[PDB]
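Peer 1: The following block contains the structure, expressed as structure tokens.
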Amino acid sequence: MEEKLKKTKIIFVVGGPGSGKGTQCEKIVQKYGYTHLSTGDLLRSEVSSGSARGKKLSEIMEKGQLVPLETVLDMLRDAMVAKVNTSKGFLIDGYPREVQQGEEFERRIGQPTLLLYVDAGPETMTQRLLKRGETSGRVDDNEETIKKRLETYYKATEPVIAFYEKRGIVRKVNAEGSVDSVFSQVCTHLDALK
């Protein structure tokens, strides 16, 4: 598992809803053949049971809502051991935004070798993201909450990223919307991902 990781690279890409990490983080494993780890399927294995867990998390992974490290980093490790044997690098998509969720990760998955932080504007993203409520149902369906919320995770994120800055592995990307523009930064990180 980690034994291979000590020499192998790993990527946990973080970001927000409507940012565009789900696009970039995929085409990477699809076009580059890089190993793919999604919290969607990683956690999926759990929800499959159909228990109260599959009731709550199953959707949390759909809308990309708050995922609990308990089920996230746990199945991620299970999903990690999958190819470390021949996997030179992993691509995780939809990673938490707080160290509380980061602490155990390094305990199950391994160590921070690379992280892609897909960033999105406050108002810009707020347009394609928050307005989603009309077709789904955002937090409060109003940019105000968007604001009061923007700082909730931003704070919780400062330490996470920071701790990853320690290893100089974090790699932020400007994805305030279209995946095309952001494709310019994320790519530069996939070339140096080593």
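A note on labels: chains of the structure tokens are A, B, ... as shown, every chain counts residues from 1, and ligands are counted from 1 in their shown order.
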Can you list every residue in stretch 3-129 of chain A that DSSP puts in strand (DSSP E), as a PyMOL selection string?
Peer 2: chain A and resi 9-15+35-38+89-95+115-119
Peer 1: Looking only at the backbone, which of the residues in stretch 48-78 of chain A does DSSP tag as helix (DSSP H, G or I), as a VMD selection string?
Peer 2: chain A and resid 52 to 60 69 to 78
Peer 1: Can I get the selected residues back with N, CA, C and O atoms, as a tab-separated table (two decimals), in the first residue's frame?
Peer 2:
```
chain	number	residue	atom	x	y	z
A	52	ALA	N	-27.99	2.73	6.32
A	52	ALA	CA	-28.20	4.14	6.57
A	52	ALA	C	-27.09	4.96	5.92
A	52	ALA	O	-27.26	6.12	5.57
A	53	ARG	N	-25.93	4.32	5.78
A	53	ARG	CA	-24.78	4.95	5.16
A	53	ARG	C	-25.06	5.19	3.68
A	53	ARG	O	-24.96	6.32	3.20
A	54	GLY	N	-25.45	4.15	2.99
A	54	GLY	CA	-25.76	4.26	1.58
A	54	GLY	C	-26.89	5.23	1.36
A	54	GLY	O	-27.15	5.67	0.25
A	55	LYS	N	-27.60	5.52	2.43
A	55	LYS	CA	-28.71	6.45	2.38
A	55	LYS	C	-28.22	7.90	2.39
A	55	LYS	O	-28.69	8.73	1.62
A	56	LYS	N	-27.26	8.19	3.27
A	56	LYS	CA	-26.72	9.54	3.40
A	56	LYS	C	-25.53	9.84	2.48
A	56	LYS	O	-25.57	10.81	1.72
A	57	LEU	N	-24.48	9.03	2.54
A	57	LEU	CA	-23.29	9.27	1.71
A	57	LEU	C	-23.57	9.15	0.22
A	57	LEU	O	-23.10	9.97	-0.57
A	58	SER	N	-24.31	8.12	-0.16
A	58	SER	CA	-24.61	7.87	-1.57
A	58	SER	C	-24.96	9.16	-2.32
A	58	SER	O	-24.59	9.33	-3.48
A	59	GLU	N	-25.70	10.05	-1.67
A	59	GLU	CA	-26.08	11.31	-2.29
A	59	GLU	C	-24.99	12.36	-2.10
A	59	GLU	O	-24.71	13.15	-3.01
A	60	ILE	N	-24.38	12.37	-0.92
A	60	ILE	CA	-23.31	13.31	-0.62
A	60	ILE	C	-22.21	13.25	-1.68
A	60	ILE	O	-21.53	14.24	-1.93
A	69	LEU	N	-14.30	11.69	6.37
A	69	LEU	CA	-13.03	10.96	6.29
A	69	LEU	C	-13.19	9.50	6.70
A	69	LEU	O	-12.50	8.63	6.20
A	70	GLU	N	-14.11	9.25	7.63
A	70	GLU	CA	-14.35	7.90	8.12
A	70	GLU	C	-14.55	6.92	6.97
A	70	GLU	O	-13.90	5.88	6.91
A	71	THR	N	-15.47	7.26	6.07
A	71	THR	CA	-15.75	6.41	4.92
A	71	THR	C	-14.87	6.77	3.73
A	71	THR	O	-14.58	5.93	2.88
A	72	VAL	N	-14.45	8.03	3.67
A	72	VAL	CA	-13.63	8.52	2.55
A	72	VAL	C	-12.22	7.94	2.52
A	72	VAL	O	-11.87	7.20	1.61
A	73	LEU	N	-11.42	8.28	3.52
A	73	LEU	CA	-10.03	7.84	3.56
A	73	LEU	C	-9.92	6.35	3.84
A	73	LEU	O	-8.89	5.73	3.57
A	74	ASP	N	-10.99	5.77	4.37
A	74	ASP	CA	-10.99	4.34	4.68
A	74	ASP	C	-11.05	3.50	3.41
A	74	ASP	O	-10.26	2.58	3.22
A	75	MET	N	-12.00	3.83	2.54
A	75	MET	CA	-12.18	3.09	1.30
A	75	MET	C	-11.16	3.55	0.28
A	75	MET	O	-10.87	2.84	-0.68
A	76	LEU	N	-10.63	4.75	0.49
A	76	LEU	CA	-9.63	5.27	-0.41
A	76	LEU	C	-8.40	4.38	-0.29
A	76	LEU	O	-7.81	3.98	-1.29
A	77	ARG	N	-8.02	4.04	0.95
A	77	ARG	CA	-6.90	3.14	1.17
A	77	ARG	C	-7.17	1.80	0.49
A	77	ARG	O	-6.30	1.25	-0.18
A	78	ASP	N	-8.39	1.29	0.66
A	78	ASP	CA	-8.78	0.04	0.04
A	78	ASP	C	-8.66	0.15	-1.46
A	78	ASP	O	-8.29	-0.79	-2.14
```
Peer 1: Please report, as a Markdown table, each residue of stretch 49-160 of chain A lying at most 7 Å from stretch 1-14 of chain A, together with the nearest pair of atoms and the separation in Å rounded to one decimal; use only C-alpha atoms, and order rows by chain and ascending residue number.
Peer 2:
```
| residue | atom | partner | partner_atom | distance |
| --- | --- | --- | --- | --- |
| A:80 | CA | A:1 | CA | 6.6 |
| A:81 | CA | A:1 | CA | 4.7 |
| A:84 | CA | A:4 | CA | 5.8 |
| A:85 | CA | A:4 | CA | 6.5 |
| A:88 | CA | A:8 | CA | 5.0 |
| A:89 | CA | A:9 | CA | 4.3 |
| A:90 | CA | A:10 | CA | 4.5 |
| A:91 | CA | A:11 | CA | 4.8 |
| A:92 | CA | A:12 | CA | 4.5 |
| A:93 | CA | A:13 | CA | 5.2 |
| A:94 | CA | A:14 | CA | 5.5 |
| A:95 | CA | A:14 | CA | 4.7 |
| A:96 | CA | A:14 | CA | 6.5 |
| A:97 | CA | A:14 | CA | 6.7 |
| A:109 | CA | A:2 | CA | 6.5 |
| A:110 | CA | A:2 | CA | 5.0 |
| A:112 | CA | A:10 | CA | 6.7 |
| A:113 | CA | A:10 | CA | 5.2 |
| A:114 | CA | A:11 | CA | 4.5 |
| A:115 | CA | A:12 | CA | 4.6 |
| A:116 | CA | A:13 | CA | 4.0 |
| A:117 | CA | A:14 | CA | 4.5 |
| A:118 | CA | A:14 | CA | 6.1 |
```
Peer 1: What is the atom CA of residue A:102-atom CA of residue A:86 distance in Å, reported with one decimal?
Peer 2: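 Computing it gives 24.9 Å between the two atoms.
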Peer 1: So which residues touch residue A:177 within 9 Å, counting only C-alpha atoms, skipping near sequence neighbours fewer than 2 positions away, as a ChimeraX atom specification?
Peer 2: /A:18-20,120-121,124-125,128,174-175,179-182
Peer 1: Would you please work out which residue, of A:39, A:119, A:163, A:83, is nearest to residue A:186 when using only C-alpha atoms?
Peer 2: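 Ranked by minimum distance to residue A:186, first place goes to A:119.
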Peer 1: Atom CA of residue A:99 to atom CA of residue A:159: how many Å, to one decimal?
Peer 2: 6.4 Å
Peer 1: Can you work out which one of A:62, A:191, A:151, A:106 has the shortest atom-to-atom distance to residue A:17, counting only C-alpha atoms?
Peer 2: A:62
